[PDB]
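The structure appears below as structure tokens.
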Amino acid sequence: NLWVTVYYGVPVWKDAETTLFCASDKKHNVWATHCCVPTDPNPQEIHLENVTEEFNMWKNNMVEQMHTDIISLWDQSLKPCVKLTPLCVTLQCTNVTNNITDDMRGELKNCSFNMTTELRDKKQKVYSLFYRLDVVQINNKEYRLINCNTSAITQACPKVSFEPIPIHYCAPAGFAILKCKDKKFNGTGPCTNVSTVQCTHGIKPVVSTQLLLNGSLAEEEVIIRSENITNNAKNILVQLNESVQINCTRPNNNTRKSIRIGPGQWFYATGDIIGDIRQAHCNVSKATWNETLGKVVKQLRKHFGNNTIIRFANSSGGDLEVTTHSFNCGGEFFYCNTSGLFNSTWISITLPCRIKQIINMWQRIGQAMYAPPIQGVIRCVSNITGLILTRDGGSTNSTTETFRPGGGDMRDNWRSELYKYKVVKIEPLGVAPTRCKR
Amino acid sequence: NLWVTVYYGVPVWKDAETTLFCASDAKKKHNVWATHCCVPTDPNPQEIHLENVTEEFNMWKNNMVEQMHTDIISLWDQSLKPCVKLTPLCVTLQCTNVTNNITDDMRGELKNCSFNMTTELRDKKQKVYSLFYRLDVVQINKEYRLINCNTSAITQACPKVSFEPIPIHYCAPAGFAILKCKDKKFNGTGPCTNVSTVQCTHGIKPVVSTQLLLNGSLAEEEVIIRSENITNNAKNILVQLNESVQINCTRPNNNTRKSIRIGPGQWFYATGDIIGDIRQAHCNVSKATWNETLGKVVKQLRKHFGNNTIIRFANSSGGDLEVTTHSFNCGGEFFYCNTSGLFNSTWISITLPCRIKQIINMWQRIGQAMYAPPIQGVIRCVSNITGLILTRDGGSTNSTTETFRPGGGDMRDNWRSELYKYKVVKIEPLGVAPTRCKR
Amino acid sequence: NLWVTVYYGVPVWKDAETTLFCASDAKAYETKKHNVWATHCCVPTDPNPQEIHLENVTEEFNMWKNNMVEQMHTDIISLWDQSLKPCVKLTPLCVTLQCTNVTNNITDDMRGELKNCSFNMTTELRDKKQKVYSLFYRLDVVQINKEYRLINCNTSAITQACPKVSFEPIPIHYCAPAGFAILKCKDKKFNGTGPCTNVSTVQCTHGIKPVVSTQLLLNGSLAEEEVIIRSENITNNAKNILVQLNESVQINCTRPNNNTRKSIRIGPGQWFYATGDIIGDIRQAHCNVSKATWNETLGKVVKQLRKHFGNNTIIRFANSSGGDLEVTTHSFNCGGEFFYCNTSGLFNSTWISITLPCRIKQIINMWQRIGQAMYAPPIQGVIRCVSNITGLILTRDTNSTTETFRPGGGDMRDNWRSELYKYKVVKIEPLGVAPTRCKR
Amino acid sequence: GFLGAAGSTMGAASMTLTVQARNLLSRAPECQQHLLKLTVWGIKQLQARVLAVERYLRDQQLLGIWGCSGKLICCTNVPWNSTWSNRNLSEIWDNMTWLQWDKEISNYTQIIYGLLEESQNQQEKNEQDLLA
Amino acid sequence: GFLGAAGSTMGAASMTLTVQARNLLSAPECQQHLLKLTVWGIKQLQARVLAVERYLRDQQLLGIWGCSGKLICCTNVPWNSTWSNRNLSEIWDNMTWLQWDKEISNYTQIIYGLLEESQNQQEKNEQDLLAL
Amino acid sequence: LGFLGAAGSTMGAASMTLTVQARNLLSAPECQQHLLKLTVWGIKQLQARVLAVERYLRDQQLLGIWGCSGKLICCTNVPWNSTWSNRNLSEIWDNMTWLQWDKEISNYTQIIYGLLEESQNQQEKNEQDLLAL
Ligand SMILES: *[C@@H]1O[C@H](CO)[C@@H](O[C@@H]2O[C@H](CO)[C@@H](O[C@@H]3O[C@H](CO[C@H]4O[C@H](CO[C@H]5O[C@H](CO)[C@@H](O)[C@H](O)[C@@H]5O)[C@@H](O)[C@H](O[C@H]5O[C@H](CO)[C@@H](O)[C@H](O)[C@@H]5O)[C@@H]4O)[C@@H](O)[C@H](O[C@H]4O[C@H](CO)[C@@H](O)[C@H](O)[C@@H]4O[C@H]4O[C@H](CO)[C@@H](O)[C@H](O)[C@@H]4O[C@H]4O[C@H](CO)[C@@H](O)[C@H](O)[C@@H]4O)[C@@H]3O)[C@H](O)[C@H]2NC(C)=O)[C@H](O)[C@H]1NC(C)=O
Ligand SMILES: *[C@@H]1O[C@H](CO)[C@@H](O[C@@H]2O[C@H](CO)[C@@H](O[C@@H]3O[C@H](CO[C@H]4O[C@H](CO)[C@@H](O)[C@H](O)[C@@H]4O)[C@@H](O)[C@H](O[C@H]4O[C@H](CO)[C@@H](O)[C@H](O)[C@@H]4O)[C@@H]3O)[C@H](O)[C@H]2NC(C)=O)[C@H](O)[C@H]1NC(C)=O
Ligand SMILES: *[C@@H]1O[C@H](CO)[C@@H](O[C@@H]2O[C@H](CO)[C@@H](O[C@@H]3O[C@H](CO[C@H]4O[C@H](CO)[C@@H](O)[C@H](O)[C@@H]4O)[C@@H](O)[C@H](O[C@H]4O[C@H](CO)[C@@H](O)[C@H](O)[C@@H]4O)[C@@H]3O)[C@H](O)[C@H]2NC(C)=O)[C@H](O)[C@H]1NC(C)=O
Ligand SMILES: *[C@@H]1O[C@H](CO)[C@@H](O)[C@H](O)[C@H]1NC(C)=O
Ligand SMILES: *[C@@H]1O[C@H](CO)[C@@H](O)[C@H](O)[C@H]1NC(C)=O
Ligand SMILES: *[C@@H]1O[C@H](CO)[C@@H](O)[C@H](O)[C@H]1NC(C)=O
Ligand SMILES: *[C@@H]1O[C@H](CO)[C@@H](O)[C@H](O)[C@H]1NC(C)=O
Ligand SMILES: *[C@@H]1O[C@H](CO)[C@@H](O)[C@H](O)[C@H]1NC(C)=O
Ligand SMILES: *[C@@H]1O[C@H](CO)[C@@H](O)[C@H](O)[C@H]1NC(C)=O
Ligand SMILES: *[C@@H]1O[C@H](CO)[C@@H](O)[C@H](O)[C@H]1NC(C)=O
């Protein structure tokens, strides 16, 4: 004598892929401008008593959206800015040997060129400094900007800030964000401690490679996460439970020149350096780094065997963007040599850095950005919160296993902070039998 | 012994800010406003008198004003967006004076320039000759350049596009209503007794002007002074008049236009030679009408300042041409008229010389300048002065005399003149009240 | 005492205009990515649509005023322009050309129809210049006074179409939004405007290929097995006549010259695709129509045509009236290139293997607009194309005994009117009332 | 069978009215990518979807006002007029195509709608007054 | 007149609930220019979407409270003298609905919470009674 | 308790929380202006909002089709089939959550819905004929 009854408002959800709308708590900050919707002053996390749920960070749709949207914002930021097409001319360059430390001779060049002025008929002589990474030789003194043979270069508007600011992703009505609270969750499988939130915590959109900067720490113990721990074709994301402080700088005291590239437009040129020329570099505490690696190794031993002979080595060859550590400090673009961090086998550190002004903001090509010069001296301090590593393939049963740092899609940085979140949709109609009939 | 009862459709509302629809009379073409403010208004306004309803209006905080400001600028830009750029013309000019049929007033005002510019083919160059007004051209180092070369880009308005103001009606979306204050002699803020509800506002012509307000309402029965704060000398005063003052504005010179091919499919429209004698543009104001009108304003000012206070007017103030003179868009060309002859009196026909400029930063923002194509023939406009924008030059220990100046550099305050009587509210249909029933 | 009864749903409708949406089926990946009609009719079709046989329903289908046609037209214009947005401009090529004749291994029929031009053009850098060489068809080059310029330079800027983009008709289906339905007239001999009894309802139309042509309609329907003549008003000489045939006539078009392409850098991310140099002998483009088939087909049209004229009057056909190239010749777009074929050989008889010479043009004004211009990249190799002639656009214009018909062009709307002559769009209006035996 | 058969008996239509009601209401990421770039097509499609929703709701609101919501067929208290139609059930119910007859009543439709709203207005007051 | 009842007393205003309810949910050349002006297209479209959402929120509440289908419903929640200490004649003593609403103001949220809980408890009780 | 606080609760107890989910499903001008200018983003949000309305209305129409609109709890004239579930009534209303129940009988969702539609049409026709007299 049971009859079908229908209940509307049943607390049941199914996995879903929907658009998230972005919110957050300067005025020229691109992220702050876009995610301008204010957040909940006091978000309410609701613990779900006796709910078990499965999470999979490697297929997390939230990561894919963060990737798509951040790329779009960079394009929107540059969309209204001045093009540098008029500067793609033959350059007449000299060596710049005045007050240069011997170890960096050749990094800077001093080039002159014929630029148009605001009136179309008149021309002007312009002098500007460049890095050797941006300027390429034609066929002794004649050079061109590297992208003259591939793409238009758009300079960034000098007022725009690209400083990472925490961003919170919120569910649209009908959806909810579930999160794991379990410690030591390795990314693929059920978690027992599950809460529901309206928005994620604030995630800073930090763009970097090899070493993840300014993220969260792994509670009380190092967590090694990978899609497949025995597949050398997959990347390993290592989250540290301690931060490592790194001090980076560009010591040269710079000046900015601004010239009349065209009506209503200005081009930003690097002017004479006020003082001596020295290399950009980063400081890593030596003892701290040695302890950090030992901790990572302990966790690798658990996955690969207690024989624990493990070797670290430098990055593979390839393009500058993948082989060196990359970051944006003070608005400047740095590429740093990390071989000094991966020189031990288990059983202060100064990293030299180079500066580049013409930037491919993402792995795609055909568009490029010009980074205007920043005056003064740039120095910043940041936290290393995790690493991206690849286990080398090769002969099996090696007594010594090998790991090397490396890059990959930007998606992988975002997978770290978002590893604990999932989006589901609420489906309110439930049907069950009972004793009630009309 | 009453119980809760819920009623849906109760006549209750709260103040709100929403988007209004732009509607116009359902009847010319190629007019920016008429083309884009496309929703027709054929029904007569459904004005519903509200018996025994008191409501508070505040013109100074009215968001209908802000919304028109934003939409007008936005529409302006969309109109100009697809038109030919004149950036190819920012070249060194070779200029001499026009000495042909020159009187004393226009001597040095009109200048004859020639220059090297492009042709349909990218290999060729041509020499062309055009006239400019002095206000648009700056001397460098006979060598001149257009003034809008170092700070902005210049675009040309499309010759087929008219910017003549036509009536605009703002209409509420469903769920909203517009409350209209019909009290006569109503001051800028406070409660209204004669309140009615309409679906759309009275048509408003988006006339752009400085110092004097034109072709608006007439303040019913008397001169009315409205201000945010009369005491505070940092505020502007909007004064509406109950008599129209006729003003005739003329640009007597007979122009011709030259069509020049700047590039493939592109045209530049240049001012050609003047046919006939050269004379200064000017506007006529009746002497007695102005004198009596101003005296009426003065009486109303004493109403707030005292019967032993002398009221004097001063001739404008220092500053940019756009705010020191009275700007028209007469015939589609831009006049900058001298008002010193209107505001030189002390209380205890008139001809205004005008200058013409073609490169206009119509909005106060900098970076986009529009070039007005010349209009051939002779231009005559006849219009109604319906109000004044006055500044009280206060802030001093001189109770004996107050000084007023014409002024105001912000079009935002022009729309406040017509929208002061309207308010937008949101309808809230659910109400709860007790009565003698229960389930 | 039968009172008002309110019915929520009622099987009724009224004629209505509404925006329709497009669906199509790409059968292959390249089509999905680069075919203009495939990328912008993303929505897949219904794997199994149904037709509902309404019975004892008689309805009017006015094709001349059909909004459905109007939407197809405006939609194709917009789509065409959209496909050209992310493409290289050829503004830098609007320069003086130095041109001579191509005299090497050329038949006299082509003499003067092809020129060898050179010019100074930009390079990757703003300062440096290069001299280049290319060939042009006579139609696109105008002498200025051996100095020439491209014909578009005094009217509009020209954009080169993107080299891998394909503009090739695939079946297109129009589908109704919910609340709307598409009615069809299945009457075998249904004449363009007026009621019919064979009415059915569908969710989507059958596929229509958006084939663009100007005189002869290609790759359409075959008139429900009878030759059918449709027009808005037979009497009015200002109206066009759409004639559908009950069998197809094949037309074999070839562009025999073996072309090559030259890729020229004109800026940092900009390439121009030039016409190259012809390999082998130079011959005239042409189309072949079976003579016997064409004769017989035309005779059938005449027999039906006379139905609305005197039984023994003379039907005279003649070639095109004066007009522009796009009007007087048969514009045939195939293999990626635009042919303008001379059809006078098809309309030179009086009633009571035909070789048509063709011209090639690269600068195109697809929709008869002159505010733009397009440049067609050259196609390498040799083009051979066989099409099905399915119908004609004809113009009739006190000669009690003799009347004259000429082929001619018109608005592209006419091509679509022909294919969509049988469809109508209606709006469903569920509410209604009746007097019945009940009270509250 | 979306339209059923217009030519069927008016009462026969009852069998497909559920179907007609359900058919009033309506995954390739790629269509989404194209529409977002194709701004004008994006707007036209949203407007079409919004219209469908508004039309649906207007009809439901109207049934609500008339006191005919929650059912496919509503008996009301409005007298039938001979000026609208003067035929018995054999002639006007069992022997009619819905479409031809729908057209004739259209003249008088707005009259009927106003009458339906008033009848319900009176009924609601009466029920509130009875429930002392 | 849509707000014609604005000056009416609460009692008198009960006869115009229908006109307001209808108003709440109320050229090719215009369509072409509005679509081109992408921003005006979006602003107007957003307004239409919001109007629908607001309409639905009110209807859902009447559903939740057990008042759907009617413009006027009696409930099973007693009136609290705290919300208003006026008697019936005073409540309807020539007070404009709007004035009265201003007096209740903040008590609205409390009332809704009470109505929602009451209806849910009622449905459980009815489910059990039907089963018996 | 919270919005999905009953998610891990026994099915019976959780029924008294239905009001909150039912309502939640239908729940800074400087920011608005920026995002309005950003056309693509604005379109994505409109699509999201329109769909949310569409889903809501779909569910309401369906309760209408089944004839129990306005209620959170619907009783029927359609019997439960042992084919759909052969579980104990004790198990169904206790010692299980709604999440578990939903996946266990997800295979029959469409069957039940079709049966409910037929039941309602039969009931209305009978009521139409009973009132007629
Ligand atoms: C109305 O509807 C009709 C359909 O009913 C539409 O007609 C169709 O239209 C399409 C589109 O134009 C055509 O598709 C292309 O066809 C070509 C050629 O194939 C046809 O012609 C062959 C002729 O060769 C034989 O006869 C000649 C006589 O003069 C003789 O000289 C020669 O030696 C030889 O004997 C036929 O053989 C061929 O098969 C036919 O015959 C069969 C007989 O038994 C019969 O059974 C078949 O049914 C058929 O009739 C056919 O008729 C194809 O080459 C072309 O394919 C492209 O893509 C493929 C895929 O990758 C590629 O492999 C090809 O090489 C080619 O791509 C290259 O060439 C393109 C230019 O055509 C160029 O743009 C590409 O970039 C690419 O170039 C690159 O590769 C080359 C390689 O050599 C390299 O060197 C370059 O540097 C570069 O890297 C298409 O399939 C249909 O054929 C046509 N149908 C008919 C019956 O004609 C009609 O369009 C509609 N009407 C309108 C107005 O729209
Ligand atoms: C990990 O997290 C750290 C900590 O937030 C980030 O490092 C910070 O980065 C910001 C942005 O570059 C730094 O802020 C800048 O400081 C400059 C120096 O200011 C000194 O002098 C002023 C005097 O008034 C003091 O108030 C101030 O405290 C300092 O002592 C300023 O000159 C900068 O302002 C100028 O540039 C900005 C550009 O956006 C313009 O908007 C301004 O108008 C102005 O022209 C700016 O305030 C901050 O100092 C850094 N802190 C540390 C510890 O490094 C890391 O970058 C982040 N990691 C990664 C990878 O991003
Ligand atoms: C306050 O309000 C007044 C009244 O509306 C405004 O003054 C009017 O302004 C309009 C616009 O400039 C004037 O209309 C123009 O009249 C010109 C003269 O027409 C002659 O030829 C016609 C026959 O064709 C005769 O009937 C007529 O008597 C004249 O002999 C026309 O040439 C103008 O049209 C030209 O420009 C338009 C674009 O706008 C093109 O489309 C046309 O093809 C053509 O090239 C135009 O019709 C009107 O006459 C003025 N009225 C008065 C009394 O002077 C004020 O400007 C307004 N004040 C403010 C501050 O805005
Ligand atoms: C100096 O010029 C030579 C080429 O003549 C080059 O090889 C060398 O690297 C240059 N030195 C510097 C500091 O640029
Ligand atoms: C953690 O890793 C183990 C293998 O050592 C695997 O079986 C388990 O499912 C993983 N759990 C998570 C949450 O990733
Ligand atoms: C309101 O209008 C009436 C009639 O127009 C007028 O007499 C009265 O003075 C106005 N002012 C009031 C009553 O608020
Ligand atoms: C009148 O306007 C003045 C503006 O200074 C304002 O201070 C005053 O309160 C207004 N009075 C009313 C309520 O009309
Ligand atoms: C048949 O076609 C002719 C052509 O104009 C048209 O005038 C006539 O009305 C059509 N007849 C019908 C009803 O199909
Ligand atoms: C068709 O055109 C003729 C003139 O050629 C005209 O007399 C006749 O009335 C027209 N018929 C229609 C369809 O209106
Ligand atoms: C072809 O058509 C002509 C009429 O133009 C006719 O005289 C001739 O007999 C026809 N030939 C055939 C194929 O019978």
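Chains as they are written, first to last, in the numbering used here: chain A, 1 to 438; chain B, 1001 to 1439; chain C, 2001 to 2440; chain D, 3001 to 3132; chain E, 4001 to 4132; chain F, 5001 to 5133.
Note that beta-carbon positions come from the ideal geometry of N, C-alpha and C, so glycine has one too.
Backbone CA spacing between residue i and residue j [nearest angstrom]
i, j, result
"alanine 269 (chain A)", "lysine 2033 (chain C)", "42 Å"
"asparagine 3081 (chain D)", "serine 3119 (chain D)", "16 Å"
"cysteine 2175 (chain C)", "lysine 2427 (chain C)", "13 Å"
"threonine 2031 (chain C)", "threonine 2039 (chain C)", "8 Å"
"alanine 2238 (chain C)", "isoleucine 2229 (chain C)", "16 Å"
Given residue i as reference, the closest of the options once Cα atoms are compared
i, options, result
"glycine 4113 (chain E)", "E:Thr4075, E:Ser4084, E:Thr4096, E:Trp4097", "E:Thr4075"
"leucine 2084 (chain C)", "C:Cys2094, C:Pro2163, C:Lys2014", "C:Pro2163"
"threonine 2193 (chain C)", "C:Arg2417, C:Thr2123, C:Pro2256, C:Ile2279", "C:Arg2417"
"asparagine 4085 (chain E)", "B:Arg1439, B:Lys1438, B:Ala1433, B:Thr1250", "B:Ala1433"
Check whether residue i and residue j have beta carbons under 9 Å apart
i, j, result
"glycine 3042 (chain D)", "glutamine 3020 (chain D)", "no"
"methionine 62 (chain A)", "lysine 286 (chain A)", "no"
Reduced DSSP category for residue i - H, G, I as helix; E, B as strand; rest coil
i, result
"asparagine 253 (chain A)", "strand"
"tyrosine 421 (chain A)", "strand"
"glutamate 4090 (chain E)", "helix"
Mind listing, in chain order, the continuous alpha helix (DSSP H) runs of no fewer than 4 residues lying wholly within the region 270-353 of chain A?
-> 286-304, 320-323
For the region 1062-1148 of chain B, list the alpha helix (DSSP H) runs that are entirely contained and at least 4 residues long, ordered along the chain.
-> 1063-1080
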